[PDB]
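What follows draws every value from the coordinates through simple rules; no lab data is involved. Using ideal geometry, Cβ is built from the backbone for each residue, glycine included, and neighbour counts are taken over all protein chains shown.
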Amino acid sequence: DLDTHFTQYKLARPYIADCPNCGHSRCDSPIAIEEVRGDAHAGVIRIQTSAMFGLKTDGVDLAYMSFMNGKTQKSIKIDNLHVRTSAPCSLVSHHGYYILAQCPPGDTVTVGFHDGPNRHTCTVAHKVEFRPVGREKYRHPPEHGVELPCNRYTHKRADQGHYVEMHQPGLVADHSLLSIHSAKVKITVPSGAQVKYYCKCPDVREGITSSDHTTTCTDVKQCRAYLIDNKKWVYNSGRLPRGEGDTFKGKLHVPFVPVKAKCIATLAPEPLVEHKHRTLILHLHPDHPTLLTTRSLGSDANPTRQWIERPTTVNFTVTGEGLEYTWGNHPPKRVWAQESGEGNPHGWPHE
Amino acid sequence: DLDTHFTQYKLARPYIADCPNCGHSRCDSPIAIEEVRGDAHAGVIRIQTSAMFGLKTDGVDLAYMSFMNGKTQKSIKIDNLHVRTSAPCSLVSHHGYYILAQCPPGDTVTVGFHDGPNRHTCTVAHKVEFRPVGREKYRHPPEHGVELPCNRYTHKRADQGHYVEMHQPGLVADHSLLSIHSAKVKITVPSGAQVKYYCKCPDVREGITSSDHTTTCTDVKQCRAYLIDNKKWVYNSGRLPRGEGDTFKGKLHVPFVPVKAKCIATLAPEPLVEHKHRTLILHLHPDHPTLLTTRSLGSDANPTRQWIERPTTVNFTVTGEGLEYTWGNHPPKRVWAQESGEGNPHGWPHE
Amino acid sequence: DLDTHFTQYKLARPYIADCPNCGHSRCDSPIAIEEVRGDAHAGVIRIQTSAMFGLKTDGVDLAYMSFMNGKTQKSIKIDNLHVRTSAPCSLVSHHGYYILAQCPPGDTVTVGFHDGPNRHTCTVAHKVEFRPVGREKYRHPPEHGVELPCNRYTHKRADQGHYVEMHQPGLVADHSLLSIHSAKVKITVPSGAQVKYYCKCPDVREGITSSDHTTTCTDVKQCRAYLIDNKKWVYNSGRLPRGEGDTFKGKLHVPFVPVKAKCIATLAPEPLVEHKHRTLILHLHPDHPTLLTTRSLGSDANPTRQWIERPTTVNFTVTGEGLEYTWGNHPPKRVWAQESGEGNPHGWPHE
Amino acid sequence: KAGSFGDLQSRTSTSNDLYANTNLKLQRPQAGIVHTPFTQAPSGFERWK
């Protein structure tokens, strides 16, 4: 946790990037949101900031806040941060470049810490959906029913079980790096890197790099402020390009995997199992939409589909090898056919 | 607003409880929401914080916010916090555990204040439904529409028209009150409480008694911390304990009663009245989903039903003794029986 | 950007008008929102606070925050201002009482200080477009949507191209304004003003004239103070009164004219255009509603309408004089009828 | 009974004596941390309005 995972921390730096709904002409957001993951079955939503909050880059505490300002970190308290999704979140934990925060699902994610005259936010689109597993399908539970086995994220920071391709704290401009070679723009390393570069003026424009520098064209804005870091690994972002000079393709994990636990889930009461002769009479009266379905057994498949969200008596014709009845996404019930109501011959399916 | 009902106040005490959200890594907020009340369908909504802000146990001063630390108050500002039903509100008054605030309506409740980039929110689920009393379904005035009678709360916290159970509470928050007397769990009465108690250790459980205190298991982490009061009865919240022992006349009023009045409301623009002979025609041009239905008054008695949100010229068969027509939640309008000839000479009623 | 037009800026000062909607129902604010202009199909929204932030009331110090409390400024930080929508916006530029801000998507605008131990925010509705005109209606750009040239607000203002009436403004809030001249009603000047008036009693009133009012009806609430400021005319707000006895000129422009530029925009992801012989086969695959329509050309005409948000191969029968084809707000395209494969056209498809 | 309107049946307001089944079903709280939600079906006092 705070013990071993210096895989990401030491061998990374937060990376300053950019975001569309910011500044006076777009602020450089070192908290640039890529890869929102409300895609699970959960209730907790995973966000990736460009920033590596967590440990500063040090050993302890997931409640500091290291984003990039400059080429340098800005290792301060996490109390200026606001994770939000499409409702205000309460952070759960950050690990890597990735933060887990407890809030409802959301079509967008909207993160931001006040800094400057502006409120310095960053937002992004990504289609998100939770669901309780099984029959009852929702975008996230309403507030009712039983918990039953679907994906959900853990409280604790370390929550491995997946890996994303990591390249490095890739190519982003940091013009704090960029000195001047007496009139031409000179790139420098963030932390040790083969720094990818070109200008309109000659060098290599493929991003085949072993410390590219182009100091032939005067302008800082006519050159490629790019950073292939060569012993560091961070999340692959679209707002953090990679090169090919000494890029890694090394998969290095993602923490905050939604894992099998007891997800908050669904089920609406009142099945009201009743059986008169080969038939389950069922008075039904759910709290919230219940996907009912059954299987009158045998080689017989006998499906049923019906959302039940208000009082309805239904029936399901039990047979010689039973029927099952599945009031929601809770597991199948079971029923033998036969008359309740006293007094008959017996001993065959003929009497 | 202020109130002199030491009926509740003296014979009640602050509280404070756990809430799922709260900045950073959770907290027990004194704005922990239980008992959401969409029993008014008007500008103001009553929310219950766990704490008893308002005046003190002793009385005086609305402007503070008293939650429980020990048996003692914790009297600080109410205005740096914001209790709300969802979106930004303006407080009207707090009294007891209950705050009235001009807020949006809500099935759920979502509280949070910002004095800076800081977080300290609170959220909760509880099924609430609103409708303005009467045909039309809405929940609350946006800032427009006709006013019409529905349940609504008074600004004032001087009400006592109904009363909520507060009799035989268990505890008040902060277990320093219900500490351990250096081996065994120590029930400390606030001012006199006939305390019914038990532990998971065998002893007497609950009953109508004045003595049913139990200290058998060592900690309060294995015993049922109750303060069954009899002159300090705290509101029986969702997360508040309460043994099922000695009943008291510790039923204690509510300062906020939804009453039948001319609620600030929402109604689509009033009918563009028209007629033919024995027919109330209504060209209608709504701004809100208004359930029209009518009641042909007298010799007939037939209803007519149509949700009207889209502009529609409708008709309503007026009978001998008129008809009434009930343009939403707003009470029935009325129309005489007889012709429309619209100013023709005699022999023409409408024929 | 500072004081591009001393038309608006110099000759403006903060004003106070009532907050129409506060985030629940209503309140009062010195920053009350009038004239929301998100009309440009863009990521930026122009807002009018009642307050004239910018330059305080003077010529210097853009992006400071001056609202009116009394007739007096409240010259404080811009970082304590919060324009927001679905998350805090970032200011772009202020001009007049009007601020342009690069905001997350939103129909409305919601501004508010955290000044004091209490928050008074203000929000309002005012009709905004965010689709480019012609055919297609597609949302607003969150972080995606193709760019194509349309209306957009200036991040680099210097605008003047329309003017709103600001001639004969009213007062500003607080009863220190509407004081008493020892028995007569006294409006105190904000910055020097030619002060016009009326009471319920008859009056003769001029706005070229400092000091007017009836002497028969006098007192704070017994007369209607106006502040026709003849050197710093404020915007005419709904809750600002005005003259009626005189027209005193002082019409002052509106800056942030939405202009044709490379707007952040909303043209749904591009279709496929295909033809064989007198047929536009059109495989289409947007992610957003594009109103497609065509015109089988010549004296013969042929509209078609179908919203395309669902990927659909449609067809539109091209004719001799072509067809033209109008893929949403992207301008009409054109297609000849020419046969693929063989034939000898001269009046027919192939004859 | 619950599944009809008048599923709350409280006697008089001089008492809190009643019959309380409106299909009020307590269920798990949001995000696996304390509070008591009351999950109440569209039934009486919701449905048929």
What number of residues within the stretch A:260-296 satisfy the criterion of being assigned to a strand (DSSP E or B) and more than 35 Å from the chain's Cα centre (by Cα)?
12
Among the residues of the stretch A:285-307, what is the count of those that are in contact with a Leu (Cβ under 7 Å, 6 or more places away or on another chain) and more than 14 Å from A:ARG135 (Cβ to Cβ)?
2
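Take A:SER50 and tell me if it is buried (at least 24 other Cβ atoms within 10 Å of the Cβ), within 14 Å of chain C (Cβ to nearest Cβ) and not hydrophobic (A, V, I, L, M, F, W, C).
no
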Of the conditions (1) surrounded by fewer than 16 Cβ atoms within 10 Å (Cβ to Cβ); (2) part of a loop (DSSP other than H, G, I, E, B); (3) away from chain B (no Cβ under 12 Å), D:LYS49 satisfies every one except a single condition; which number is it?
(3)
Of the numbered conditions (1) buried (at least 19 other Cβ atoms within 10 Å of the Cβ); (2) in contact with a strand residue (DSSP E or B) (Cβ under 7 Å, 6 or more places away or on another chain), A:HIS288 fails exactly one; give the number of that condition.
(2)
Would you mention how many residues in the stretch A:43-85 are aliphatic (A, V, I, L, M) and in contact with an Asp or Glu (Cβ under 7 Å, 6 or more places away or on another chain)?
1
If you go through the stretch C:226-236 one residue at a time, how many are surrounded by fewer than 23 Cβ atoms within 10 Å (Cβ to Cβ) and over 12 Å from C:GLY192 (Cβ atoms)?
1
Only one of these conditions is not met by D:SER15: (1) touching a residue at least 24 places away in the same chain (Cβ under 8 Å); (2) farther than 17 Å from B:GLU129 by Cα. Which number is it?
(1)
Mind checking which residues of the stretch C:306-345 are within 13 Å of C:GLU274 (Cα to Cα) and of a type in the set (A, V, I, L, M, F, W, C)?
C:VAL314, C:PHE316, C:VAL318, C:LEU323, C:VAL335, C:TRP336, C:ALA337
Kindly evaluate A:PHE113 against the criterion of being in contact (Cβ under 8 Å) with a residue 40 or more places away in the chain, aromatic (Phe, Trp, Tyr) and within 14 Å of chain C (Cβ to nearest Cβ).
yes
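Filter the stretch B:299-351 down to residues that are assigned to a loop (DSSP other than H, G, I, E, B) and either more than 25 Å from D:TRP48 (Cα to Cα) or of a type in the set (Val, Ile, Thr) (or both), then give me how many there are.
Adding up the residues that qualify gives 20.
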Just checking, how many residues over the stretch A:1-40 are away from chain C (no Cβ under 14 Å), crowded, with 20+ Cβ neighbours inside 10 Å and either on the phi > 0 side of the Ramachandran plot or touching a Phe, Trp or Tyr at 6+ places or on another chain (Cβ under 8 Å) (or both)?
8
Is one or more of the residues making up the stretch C:58-73 on the phi < 0 side of the Ramachandran plot, surrounded by fewer than 21 Cβ atoms within 10 Å (Cβ to Cβ) and either within 14 Å of chain B (Cβ to nearest Cβ) or of a type in the set (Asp, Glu) (or both)?
yes
Please verify whether the stretch A:92-104 includes one or more residues that are more than 10 Å from every other protein chain (Cβ to nearest Cβ) and touching a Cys at 6+ places or on another chain (Cβ under 7 Å).
yes
What's the total number of residues in the stretch A:300-347 that are within 14 Å of chain D (Cβ to nearest Cβ) and hydroxyl-bearing (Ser, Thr, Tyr)?
2
Restricting the stretch D:19-31 to residues that are in a loop (DSSP other than H, G, I, E, B) and within 7 Å of chain A (Cβ to nearest Cβ), the residue that is farthest from D:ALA2 (Cα to Cα)
D:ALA31
Under the condition of being crowded, with 23+ Cβ neighbours inside 10 Å and over 12 Å from the mean Cα position of the chain (by Cα), which residue from the stretch A:125-139 is nearest to A:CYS22 (Cα to Cα)?
A:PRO132
